[PDB]
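Reading through the structure tokens given below for one structure.
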Amino acid sequence: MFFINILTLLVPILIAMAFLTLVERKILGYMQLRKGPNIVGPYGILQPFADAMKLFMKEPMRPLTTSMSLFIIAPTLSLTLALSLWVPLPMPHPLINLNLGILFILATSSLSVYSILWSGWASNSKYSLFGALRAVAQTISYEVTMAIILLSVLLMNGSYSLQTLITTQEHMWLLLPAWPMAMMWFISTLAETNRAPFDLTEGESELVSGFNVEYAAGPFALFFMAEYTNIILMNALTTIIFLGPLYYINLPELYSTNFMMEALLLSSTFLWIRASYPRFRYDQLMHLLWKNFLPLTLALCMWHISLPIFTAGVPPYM
Amino acid sequence: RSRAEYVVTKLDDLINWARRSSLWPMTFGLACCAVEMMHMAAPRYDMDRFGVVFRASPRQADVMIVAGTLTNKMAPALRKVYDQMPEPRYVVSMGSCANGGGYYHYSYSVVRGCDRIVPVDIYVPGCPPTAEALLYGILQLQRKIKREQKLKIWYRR
Amino acid sequence: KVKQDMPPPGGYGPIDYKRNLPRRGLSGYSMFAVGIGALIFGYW
Amino acid sequence: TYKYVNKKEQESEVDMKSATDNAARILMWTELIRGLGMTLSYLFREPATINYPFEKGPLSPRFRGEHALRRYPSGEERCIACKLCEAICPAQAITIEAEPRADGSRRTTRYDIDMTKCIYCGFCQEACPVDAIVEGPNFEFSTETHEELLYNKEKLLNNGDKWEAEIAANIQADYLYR
Amino acid sequence: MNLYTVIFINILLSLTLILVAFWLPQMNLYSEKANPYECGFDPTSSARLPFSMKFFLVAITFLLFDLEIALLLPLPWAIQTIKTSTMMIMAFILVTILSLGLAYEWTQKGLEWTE
Ligand SMILES: CCCCCCCCCCCCO[C@@H]1O[C@H](CO)[C@@H](O[C@H]2O[C@H](CO)[C@@H](O)[C@H](O)[C@H]2O)[C@H](O)[C@H]1O
Ligand SMILES: CCCCCCCCCCCCO[C@@H]1O[C@H](CO)[C@@H](O[C@H]2O[C@H](CO)[C@@H](O)[C@H](O)[C@H]2O)[C@H](O)[C@H]1O
Ligand code: SF4
Ligand code: SF4
Ligand code: SF4
């Protein structure tokens with residue numbers, strides 16, 4: 001029964017990822033006065049399956065300068081970690097109930113950068129090395145504030161448990177008291193997922209394809225599957241932290257339906273943002289995070305230590 | 001024929017359909033012909049609705065569209081990026097220059113047709129071919145891929 | 001008589017070309033007031 | 001006359017009002033929101049995409065497409081092997097040979113157009129004194145081999161017999177501009 | 001046991017896709033195909049030569065700032081203390097000195113990348 005539950009998490013999440021590739025291409029198309037896919041299946045709903053089958057039927061690259069162990073490992077690690085991020089998510093009940101589920105997310109997400117670093121290094125080509133070193137800079141930029149932003153929010157939660165966030169927001173979205181942190185959190189998740197305007201580790205106008213430039217066929221598909229799975233994950237996380245879906249102990253599915261709607265909306269704004277802005281320069285992302293977010297994040301952390309003490313609003317331990 | 005041959009034939013259709021439906025050309029354009037290629041991607045024709053997406057990496061590309069004049073100085077580089085496309089790969093020669101040298105056929109510096117450098121699947125005439133004429137050639141490549149019988153031929157070996 | 005492609009008699013209607021971006025949005029005070037009111041209410 | 005595109009440097013003092021408006025713009029990303037508004041407004045616009053090949057892009061009678069060799073209403077060839085088209089062809093894409101036909105007529109025995117040399121410029125059809133060589137309206141004749149685009153006289157006359165109904169109507173629509 | 005089980009399945013699924021991707025397709029290995037990509041021309045050197053890091057000082061500052069947040073992550077347990085004034089002063093002092101450290105590095109141009 002636990003194995004059936006693994007299937008009813010992984011398989012729907014992988015289908016949701018596949019169709020986000022379709023939704024992105026149609027939303028971007030319509031914002032560009034185009035249609036996007038509308039031939040391969042009705043309204044393009046078989047286009048993801050065609051791209052998947054094409055890639056896995058394609059010859060995978062075995063470049064000569066490549067260090068092959070890390071070359072294979074990196075895309076394998078990418079999809080593993082992307083899927084693993086979902087197991088503690090409470091929708092409203094998680095597959096794996098973790099006491100420190102938020103810290104699990106940070107550690108797992110932080111290991112995810114090494115798939116980019118090792119693939120770019122292992123490929124042993126100049127454009128892939130450029131992409132890897134941009135990932136180093138990207139993590140230094142946003143990881144400095146992402147955990148402090150989370151810290152301040154969880155001083156109203158009272159724990160690192162994701163399921164507790166549901167109870168914390170029983171009467172109100174955490175957006176309302178924490179909207180300045182929610183704004184900074186939202187920009188951080190864009191950078192954390194290497195999404196536009198911070199799509200720098202791939203950045204195709206500059207590095208051709210950056211970290212994955214030497215990758216073909218099915219190994220290339222794993223990086224793509226991992227990226228689209230993470231976009232859904234980070235927005236679902238944003239939904240549970242700041243937009244507390246309505247919870248009733250006798251109507252759990254109401255939470256799931258409301259969660260999906262808000263998560264779908266937050267994923268749409270990711271595609272909307274990509275269609276709207278130019279790219280940052282990767283030194284400018286570092287200055288955005290370290291000279292704007294970090295001062296305010298530190299001040300707000302101090303404010304959110306101060307708040308529960310002077311309002312006598314310390315949340316319960318349990 | 002047999003049920004094993006019927007099954008093989010239906011599998012050929014399935015793999016053929018997948019490659020038809022997800023043709024990713026290289027971001028690769030040489031001269032004025034590339035401008036009409038941009039117009040095929042532009043909203044009126046929107047090549048992406050057929051499943052056609054530019055990717056800059058040859059490792060992630062299926063089609064090379066030789067969209068413009070091929071000079072002697074450029075020829076080795078074009079051959080290099082063709083060789084670095086994983087198979088199965090296709091070439092579309094677009095416009096008179098790529099087709100056979102065109103207006104510059106008699107120049108000391110020009111390759112008289114890219115089919116002296118790479119194999120070509122479709123020749124699209126015009127100088128430049130219209131965005132629509134290029135789209136027609138892309139749809140002719142798809143129908144060519146629809147005719148591939150690689151699994152049937154493997155079975156009969 | 002000679003028939004060519006000519007403008008209509010009187011000419012064509014005037015054509016806009018200068019930049020035209022609307023001015024829109026709330027004052028700085030109203031935005032900060034709404035944002036601070038959301039915070040104080042949430043804190044409460 | 002000239003204008004400045006980025007000389008708005010009449011530096012002035014700042015009130016609390018304008019300083020707060022500047023503060024709100026920076027801290028609340030207001031101009032970035034206007035960008036999202038624009039792309040949102042396109043989302044709800046009808047796309048400009050046509051349903052090719054069931055729909056087509058508009059063209060005009062002057063369109064320069066695939067070449068053809070025409071006839072008189074009797075069926076006699078119009079071309080009388082003057083070689084004006086060959087002389088003017090900026091690509092030397094035309095190759096012509098001629099001799100007296102069995103009835104003594106001045107007619108070609110070779111009329112080749114290398115469609116992979118041709119630049120589709122229409123100079124041949126301007127130069128022809130008898131409206132024999134024309135660029136027709138067809139633009140969908142992509143091939144799978146290079147050799148299929150080396151048109152000889154038989155091919156070019158078949159294009160004329162294939163497309164004359166449309167070619168005649170396009171000439172009737174434009175010849176008074178020529 | 002359950003967390004081990006699902007992560008192994010995640011590993012198992014990823015490795016199966018890799019095996020399929022490497023053994024299903026038709027291959028055709030030759031030297032020009034497998035040479036490193038560089039926009040159609042050959043590389044002039046190894047990609048393994050030194051690549052200068054212009055943000056190296058920000059990078060090692062990040063090492064110290066990452067241990068600062070490690071000192072902050074017990075705060076949810078620390079706010080449960082009876083000694084609220086002590087905890088509050090310690091947290092306020094910790095955040096303030098980290099801000100002063102950032103402020104100093106900022107004014108020393110330590111966040112500017114080297115040229
Ligand atoms: C105890 C020892 C047992 C005996 C061991 C014998 C090992 C001999 C292995 C022979 C090689 C098999 O390995 C496989 O060979 C094929 C064709 O041969 C090649 O595969 C690929 O490259 C060549 C390049 O021209 C193509 O012709 C071929 O069609 C393509 O599939 C690769 O080299 C390798 O994928
Ligand atoms: C150089 C670095 C400078 C940055 C560091 C500055 C730190 C200084 C902090 C000053 C603020 C201390 O604020 C102090 O908070 C405590 C509780 O926390 C309040 O204390 C009050 O509530 C507590 C409960 O918590 C009661 O037990 C106590 O009797 C009562 O005084 C003090 O009334 C207030 O003065
Ligand atoms: S065929 Fe004509 S349009 Fe195309 S590149 Fe050559 S000269 Fe330019
Ligand atoms: S269209 Fe121009 S290039 Fe082509 S055959 Fe006529 S004159 Fe020569
Ligand atoms: S096609 Fe016209 S211009 Fe050319 S040889 Fe014949 S008659 Fe002369």
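Atoms within a ligand are numbered from 1 in the order they appear, just like the ligands themselves. When reading the values below, keep in mind they use all heavy atoms of this one structure, side chains included, and skip hydrogens, waters and symmetry mates. Residue numbering restarts at 1 for every chain, and letters A, B, ... go by the order of the sequence lines.
- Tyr175(D) does not carry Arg178(D) over the face of its six-membered ring by the limits of under 6.0 Å from the centre and within 45° of the normal.
- With hydrogens left out, the protein atom closest to atom 31 (O) of ligand 1 is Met27(E) O, 3.3 Å, a heavy atom.
- Distances below 4.0 Å separate heavy atoms of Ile133(D) from the following atoms of ligand 5: 1 (S).
- Here the options are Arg78(D), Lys153(D), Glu77(D), the test is side-chain contact (heavy atoms from CB on, under 4.5 Å), and the partner is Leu69(D); only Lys153(D) passes.
- Metal site remark for atom 6 (Fe) of ligand 4: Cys124(D) contributes an N, O or S atom at a distance under 2.8 Å.
- If you number the atoms of ligand 4 from 1 as listed, the ones under 4.0 Å from a heavy atom of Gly122(D) come out as 1 (S), 2 (Fe).
- Counting the atoms of ligand 5 from 1 in the order shown, those under 4.0 Å from a heavy atom of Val130(D) are 7 (S).
- Donor-acceptor pairing under 3.5 Å is lacking for the side chains of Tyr120(D) and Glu66(D).
- For the salt bridge (charged side-chain N to carboxylate O under 4.0 Å, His left out) criterion with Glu5(B), the lone passing option out of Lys152(B), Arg156(B), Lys10(B) is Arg156(B).
- What sits closest to atom 25 (O) of ligand 1 on the protein, heavy atoms only, is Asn28(E) OD1, 4.0 Å.
- In summary, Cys85(D) places no N/O/S atom under 2.8 Å from atom 6 (Fe) of ligand 5, failing the contact criterion.
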Any chance you could lay out the ring-ring contact (aromatic ring centres under 6.0 Å, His included) test for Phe211(A) and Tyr127(A), step after step, and finish with the verdict?
-> CA-CA 7 Å; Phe211(A) 83 91; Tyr127(A) 284 108; over 10 Å; no
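- Considering only non-hydrogen protein atoms, atom 5 (S) of ligand 5 sits nearest to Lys83(D) N, 3.1 Å.
- No side-chain donor-acceptor contact under 3.5 Å links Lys80(B) to the backbone of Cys39(E).
- For the residues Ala132(D), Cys79(D), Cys128(D), the heavy atom positioned nearest atom 2 (Fe) of ligand 5 is part of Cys128(D).
- When each atom of ligand 4 is checked for a heavy atom of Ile94(D) under 4.0 Å away, the hits are 5 (S).
- In this structure, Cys114(B) SG and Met94(B) CE are separated by 12.0 Å, a value rounded to the nearest 0.5 Å.
- At distances below 3.5 Å, at least one donor-acceptor pair connects side-chain atoms of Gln125(D) with backbone N or O atoms of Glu135(D).
- For the ligand labelled ligand 4, residue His67(D) lies inside the 4.0 Å heavy-atom shell.
- Checking atom 35 (O) of ligand 1 against the protein gives no heavy-atom contact under 4.0 Å.
- Nearest protein neighbour of atom 7 (S) of ligand 5, counting heavy atoms only, is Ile80(D) N, 3.4 Å.
- Here the protein heavy atom with the shortest distance to atom 4 (Fe) of ligand 4 is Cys118(D) SG, 2.2 Å.
- Applying the 4.0 Å criterion to heavy atoms of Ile96(D) picks out, from ligand 5, the atoms 5 (S).
- A donor-acceptor pair shorter than 3.5 Å can be found between the side chains of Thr116(D) and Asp114(D).
- Within the 4.0 Å heavy-atom shell around ligand 5 one does not find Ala127(D).
- Close approach to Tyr120(D) involves these atoms of ligand 4, each under 4.0 Å from a residue heavy atom: 1 (S), 4 (Fe).
- Looking at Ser105(D), its side chain never comes within 3.5 Å of a backbone N or O of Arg107(D) through a donor-acceptor pair.
- Within the structure, the closest approach of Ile88(D) to ligand 4 does not fall below 4.0 Å when heavy atoms are considered.
- Aromatic rings from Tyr136(B) and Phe141(D) are positioned such that their centres are separated by 6.0 Å or more.
- Of the protein's heavy atoms, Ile119(D) N, 3.2 Å lies nearest to atom 3 (S) of ligand 4.
- At a distance under 4.0 Å, no protein heavy atom can be found next to atom 5 (C) of ligand 1.
- For the pair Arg70(D) and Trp163(D), the cation-pi test (distance below 6.0 Å, angle within 45°) is failed.
- Residue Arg64(D) does not touch ligand 4, judged by heavy-atom distances below 4.0 Å.
- Counting only heavy atoms of the protein, atom 29 (O) of ligand 1 lies nearest to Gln26(E) OE1, 4.0 Å.
- Counting only heavy atoms of the protein, atom 8 (Fe) of ligand 4 lies nearest to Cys89(D) SG, 2.3 Å.
- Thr109(D) and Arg101(D) are not linked by any side-chain donor-acceptor pair at a separation below 3.5 angstrom, with hydrogens and angles left out of the test.
- The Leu29(E) neighbourhood of ligand 1 comprises atoms 22 (O), 24 (C), with distances under 4.0 Å to a heavy atom of that residue.
- Relative to the ring axis of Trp24(B), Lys54(A) places its NZ or CZ within 45° and under 6.0 Å from the centre.
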